[PDB]
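A.B. asks: Here is my input; please provide its structure:
(chains A, B, C, D and E)
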Amino acid sequence: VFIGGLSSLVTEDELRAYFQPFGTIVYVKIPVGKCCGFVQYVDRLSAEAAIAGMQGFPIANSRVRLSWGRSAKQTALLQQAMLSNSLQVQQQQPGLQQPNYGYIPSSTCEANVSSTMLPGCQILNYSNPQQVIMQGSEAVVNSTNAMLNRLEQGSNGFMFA
Amino acid sequence: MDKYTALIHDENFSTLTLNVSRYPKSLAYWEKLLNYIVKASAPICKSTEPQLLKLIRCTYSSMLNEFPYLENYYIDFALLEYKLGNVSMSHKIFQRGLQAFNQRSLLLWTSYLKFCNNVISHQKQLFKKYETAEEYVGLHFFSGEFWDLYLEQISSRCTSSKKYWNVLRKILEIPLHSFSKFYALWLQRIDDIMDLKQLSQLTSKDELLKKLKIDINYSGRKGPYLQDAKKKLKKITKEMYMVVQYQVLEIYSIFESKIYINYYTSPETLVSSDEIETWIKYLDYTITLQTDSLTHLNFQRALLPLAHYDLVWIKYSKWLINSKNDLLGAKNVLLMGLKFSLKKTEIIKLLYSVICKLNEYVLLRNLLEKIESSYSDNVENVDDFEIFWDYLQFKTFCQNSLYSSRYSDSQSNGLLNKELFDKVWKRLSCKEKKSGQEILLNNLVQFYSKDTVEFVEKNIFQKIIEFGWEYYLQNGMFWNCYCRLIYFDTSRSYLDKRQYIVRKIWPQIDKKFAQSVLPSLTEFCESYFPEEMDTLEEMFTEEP
Amino acid sequence: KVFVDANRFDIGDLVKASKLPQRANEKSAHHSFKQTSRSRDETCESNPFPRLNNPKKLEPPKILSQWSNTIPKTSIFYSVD
Amino acid sequence: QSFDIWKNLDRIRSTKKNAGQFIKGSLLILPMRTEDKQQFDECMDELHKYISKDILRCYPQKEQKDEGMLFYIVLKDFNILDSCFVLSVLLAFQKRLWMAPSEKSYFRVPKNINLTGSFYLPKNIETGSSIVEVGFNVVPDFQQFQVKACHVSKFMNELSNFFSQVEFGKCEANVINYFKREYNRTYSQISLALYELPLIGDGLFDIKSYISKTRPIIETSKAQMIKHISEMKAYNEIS
Amino acid sequence: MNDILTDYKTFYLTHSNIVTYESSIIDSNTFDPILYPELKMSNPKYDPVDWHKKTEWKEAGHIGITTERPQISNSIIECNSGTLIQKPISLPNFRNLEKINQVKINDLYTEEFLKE
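C.D. replies: Residues are numbered from 1 along each chain as shown, chains lettered A, B, ... in the order given. Here you go:
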């Protein structure tokens, strides 16, 4: 996603806090003072859900402008080949080499495994920053426990995100 | 010896039946048992042994009561009973097959109508069945076979040839996978018209006279005027072809190209990472178009490949809640989603909320009894915490609403009712074996009153100190909670709560545990007591 | 048990019955392909994962050749091969 | 208007333009639950006194749960009013236990409450707001209806406006035994689905062979995701 | 917002009774503190309570890329064929037949960040 129209008073952690529950997230780097950011998800489904859900929402009192937009490498490539104005052709983003069976897209797990591998559960997942973890049994305990931690520490001021 | 007794004294039958009766929800055992019983009657006819036909019927009926989304076995069981002489039973077999699919399956309607053409022999009743199948499974993307079957019956029975033009004009606007055949029918049938009175078969005569400036009763030379007529109707059909071609080609290029599996398969199968994504996108597409038969049909169509996954059971229920506002519909979708999905916890958590919002609380009070009786009154010892906590919140809501408040200043007694606090304490007593102890502690310190906090401090925290259990003494969240209980109590002043904490909680924690307790207790003392931070640092300095 | 058309319980015996004698040796000696007779006794266990055994995508919807120029000329998404 | 049923009922008697003559072959079944039977029997006995026994019957179930009794309420051949009276009384009484435990008068309905429940009609109806149909109904023959949270007077008003429109036809004599048998089949199925909640892994799934069947594909899947992250890291890297 | 809705649902379930809840339900907002936190979680912009020209219709199959799609104005596909025979069917009215080839894109990326 290209998140455009930012306040420029918003950090990267505070911008990770908005766009994280839509799905797991590879990187959230933002340029120094171009008043616009860049968020990249693992899933196409989660990124489309983020553009639907967060369109025009105000981050630090400025209506935000969400749309698509390439990476940092491709942007440097297009910028130098546009100052040389030669071709400015792009490259397709890499596929997941499907059929992939473990993964149920748009799903987050935040942190010994004998799982019965049945269909309704989730077996594999992407780790949060990055590597691949076998999904444990106790996702809800770790998640709920971390959000009680986040509430009690954020009320006193140790994370603005 | 006959076929039945010979079959019973066979050795394989006890093994196949014991493997089915041990492992019910594995499908291959059922199909092995079934193929063996059918092969054990090598001519099947009307004279085979009735003690053995009763067993083939019990096998098929029990399998289809276990695995109700198996489309091909309803067809096969109905065709077996059709072979055995009675069509009266095969009607019932197809109709429970349609009902377990909630009337929205294409294959059972197609096979039921190619069955019913032979045996129903009454024309208006057969056409009422085709109208029923149309209103349920008509707008299916692959329903070219249904409509072509329907046009076959209309062109063979009817003598009027008006009903053919009617039905074909309804085919022309549906976005089917193979709509070009149903356009070529219309094109050659316009081109096969002969005189001006038959142009009123399509539309009304005044619609022609206004929209296309064409008079049926133009008497005169009717050659050129009929050719003008055919060219203008072919132009209108070309425009409607463009609209249906756009919608068909858009659905095919984006969504329907990517789904490879459309069948139920078995409860042990896994659906790819591609097709979970394209079914979620394709349901999200369908909801936008605001055609309701097509939306119920696409949800019932997506529940063939991943019925068990439960992503759809929740998405379909939330569609019935917040887009169409039919909330008993969304209660019934989750009630039917408990039977299929293997991960029941998210559906039971949403289900409790849907039942509470409908103001049907006795159904909640009865539904909690099936969970607290499914574990045999021992839900306090459940392995997964996610079941117990969703249970305990709504059981606390009901237990506050039955028994009126026991404490002062109008406070419902929450977790500390003597029937619920025992369920809390039998789980806090297991001490590390059960997961999720910290959330029980952290949800027991929100009382903020005098006698309520005094109950909590006298019953859990003091008693964990009195038993001296090592897991909670070791763990810094316990002492953070035992400070945060007293400090947010609105019955004490500042001096006595600060003096109570620093003088009678912090001395009690053992200095051998300080390396784990101090990182959690330091954040408390840094947030609320910055002045008394040096006392806490000098209680746990490295040199005594 | 349904779509094979030779193991169907209603028209099951008729298809085998009307196969014909083929009293010509060269009638069977003409074709050298496989028969692919799918038995009725097959189960759920074989082909456990349908994607991994190589599947085919469904064919695109056929359109009228006389109106083949009225199609949208560019698709939306860049698709390869 | 008021919160006394009789004033609302005499209003709906006077102003509703043939509110008397009944509906042909009209049958309505409303299954309701109660925790205690002795509170229920007083309301149902007073209710039985006012309405003809042939018109309203109460079929107890077999008491299979033995805790929550499930009584079917059937109104056969009711008028346009009898329906309003019985529905207002029962829809208030099954919510009297939770909200107003002190008032205790089975024909006067206090003003803090709102009427909310559901009833079943046969499917062979022709209808040619506050009462809506449902989509995705679960009993194979009948049409579940929802009534959403109204006053007592608006409930009477909307029940009369609803039963003016509807037009019943030609059910069997014992269709009520069919509904009893069917609704008991449905809640036996969902109870026996909750009894499979512990028993998923190895209880009835032959996990010993399922794990050996889908161990290598989870392993190749994990390989493909690790390869994906390294490939995507090389794609984003400026280098 | 997700943390607040989760902890407030957990708090309300254990500190409030039905007599408070059924008097807390008001219908113009269809707000209900048991179920409304369960629906408002991942989407912040949630209103609780002419379709062919919204920005959810126009970019339906594909987000960001807006195309006015051709459609028939009076379609009969919701009507059953048991009721189409009662009176003869009118001709179709069309809308947006000029735009089967036009697709348009609001490229925020290039304009606001590549070309500043």
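
A.B. asks: Find the residue closest to residue D:59 in space, skipping its chain neighbours.
C.D. replies: residue D:72 (4.4 Å; C-beta to C-beta, 6 or more residues apart in numbering or on different chains). Every C-beta, even on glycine, is put in place using the N, C-alpha and C of the backbone.

A.B. asks: So the residue of chain A with the smallest separation from chain D: helix, strand or coil?
C.D. replies: Using C-beta to the nearest C-beta, the closest approach of chain A to chain D is made by residue A:116 at 3.7 Å. Put simply, residue A:116 is coil when judged by DSSP: H, G, I helix; E, B strand; the rest coil.

A.B. asks: Now it: closest residue in space, sequence neighbours ignored.
C.D. replies: Closest to residue A:116 by C-beta to C-beta, 6+ apart is residue D:201, at 3.7 Å.

A.B. asks: That neighbour reaches residue A:121, doesn't it?
C.D. replies: No. Here residue D:201 does not reach residue A:121: they are 9.5 Å apart, not a contact under C-beta atoms under 8 Å.

A.B. asks: Distance check, the residue of chain E found nearest chain D against residue D:194.
C.D. replies: Among all residues of chain E, residue E:18 sits closest to chain D, at 4.8 Å; criterion: C-beta to the nearest C-beta. Using C-beta to C-beta, to the nearest Å, one obtains 24 Å as the distance from residue E:18 to residue D:194.

A.B. asks: what about the longest helix in chain B?
C.D. replies: Longest among the helix segments of chain B by residue count, using DSSP state H, is helix B:223-251.

A.B. asks: The chain: helices as residue ranges?
C.D. replies: Since no chain was named, I'll use chain A. A:12-19, A:44-53, A:73-83, A:139-156.

A.B. asks: let's do chain C instead
C.D. replies: Using DSSP H, helices in chain C cover C:12-17, C:25-30.

A.B. asks: other SSEs contacting the last one?
C.D. replies: With contacts defined as 3 or more C-beta pairs under 8 Å, 6 or more residues apart in numbering or on different chains; DSSP states H and E, helix C:25-30 has no helix or strand neighbours.

A.B. asks: sorry, back to before: which one of the helices of chain A has the most crowded surroundings?
C.D. replies: With neighbours defined by mean count of other C-beta atoms under 10 Å in any protein chain shown, none of the helices of chain A is more surrounded on average than helix A:44-53, at a mean of 20.

A.B. asks: Do it and chain E come into contact?
C.D. replies: Yes. For helix A:44-53 and chain E, the contact criterion (C-beta under 8 Å from any C-beta of the partner chain) is met by A:48, A:49, A:51, A:52, A:53.

A.B. asks: on contacts alone, who are the packing partners of the helix or strand harbouring residue D:13?
C.D. replies: For residue D:13, the element it lies in under DSSP states H and E is helix D:5-14. Helices and strands touching helix D:5-14, by 3+ C-beta pairs under 8 Å, 6+ apart, are helix D:82-99, helix D:152-165.

A.B. asks: other SSEs contacting the longest one?
C.D. replies: Where contact means 3+ C-beta pairs under 8 Å, 6+ apart, helix D:82-99 is packed against helix D:5-14, strand D:27-34, helix D:37-50, strand D:69-76, strand D:115-122, helix D:152-165, helix E:18-24.

A.B. asks: Could you rerun that using 6 Å?
C.D. replies: helix D:152-165 (3 or more C-beta pairs under 6 Å, 6 or more residues apart in numbering or on different chains; DSSP states H and E).

A.B. asks: Any chance you could list what contacts the helix it packs on?
C.D. replies: D:1, D:3, D:8, D:12, D:16, D:80, D:83-84, D:88, D:109, D:115, D:127, D:130-131 (C-beta atoms under 6 Å, 6 or more residues apart in numbering or on different chains).

A.B. asks: Geometric centre of chain A: which residue is closest?
C.D. replies: Geometric centre of chain A, nearest residue: residue A:25, 2.8 Å, by C-alpha atoms, centre = their mean.

A.B. asks: That one: what's its closest spatial neighbour, skipping adjacent residues?
C.D. replies: residue A:41 (5.5 Å).

A.B. asks: Run a quick neighbour tally on the one you found.
C.D. replies: 22 (other C-beta atoms under 10 Å in any protein chain shown).

A.B. asks: So it is in contact with residue A:22, correct?
C.D. replies: No. Using C-beta atoms under 6 Å, residue A:41 makes no contact with residue A:22, being 7.3 Å away.

A.B. asks: which residues touch the strand or helix carrying residue B:482?
C.D. replies: Secondary structure assignment for residue B:482, by DSSP H and E: helix B:476-487. With contacts defined as C-beta under 6 Å, 6+ apart, helix B:476-487 is touched by B:438, B:441-442, B:445, B:453, B:461, B:472, B:497, B:500-501, B:509, B:516-517, B:520-521, B:524.

A.B. asks: now stretch D:118-126
C.D. replies: D:28-30, D:141-146, D:166-169, D:171.

A.B. asks: so what's residue 92 up against?
C.D. replies: Picking chain A for this. Contacts of residue A:92 (C-beta under 6 Å, 6+ apart): none.

A.B. asks: Actually, chain E is the one I wanted.
C.D. replies: Counting by C-beta under 6 Å, 6+ apart, residue E:92 has contacts B:240, E:72.

A.B. asks: if we can go back for a sec, restricted to buried residues, select the contacts of helix D:152-165 in PyMOL.
C.D. replies: Selecting only the buried entries of those in PyMOL, with 16 or more other C-beta atoms under 10 Å in any protein chain shown as the criterion:
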select buried, chain D and resi 3+8+12+16+80+83+84+88+109+115+130+131
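
A.B. asks: from the contacts of helix D:152-165, which two are the most distant?
C.D. replies: Between any two of the contacts of helix D:152-165, the greatest separation by C-beta to C-beta is 30.0 Å, found for D:3 and D:127.

A.B. asks: Number of residues surrounding the closest residue to chain D within chain C?
C.D. replies: Of all residues in chain C, residue C:48 sits closest to chain D, at 5.8 Å by C-beta to the nearest C-beta. When neighbours are defined as other C-beta under 10 Å, residue C:48 has 18 of them.

A.B. asks: and the closest residue to it other than its chain neighbours, how many residues sit next to it?
C.D. replies: Leaving aside its sequence neighbours, residue C:48 sits nearest to residue D:213 (C-beta to C-beta, 6+ apart; 5.8 Å). Residues near residue D:213, counting by other C-beta under 10 Å, number 14.

A.B. asks: Then the one 10 residues further on?
C.D. replies: The burial count assigned to residue D:223 is 12, neighbours taken as other C-beta under 10 Å.

A.B. asks: With neighbour numbers in mind, choose between residue E:18 and residue D:194.
C.D. replies: residue E:18 (20 against 16).

A.B. asks: got the contact list for the more buried one?
C.D. replies: Contacts of residue E:18 by C-beta under 6 Å, 6+ apart are B:401, D:98.

A.B. asks: Name the residue of chain D that lies nearest to chain E.
C.D. replies: residue D:98 (4.8 Å).

A.B. asks: do you know how far that residue is from residue B:164?
C.D. replies: According to C-beta to C-beta, residue D:98 stands 60 Å off from residue B:164.

A.B. asks: follow-up on the earlier one: contacting chain A as well, which ones from the contacts of helix B:476-487?
C.D. replies: B:438, B:442 (C-beta under 6 Å from any C-beta of the partner chain).

A.B. asks: right, and out of the contacts of helix B:476-487, which lies closest to chain E?
C.D. replies: Nearest member of those to chain E, counting by C-beta to the nearest C-beta, is residue B:442, at 10.1 Å.
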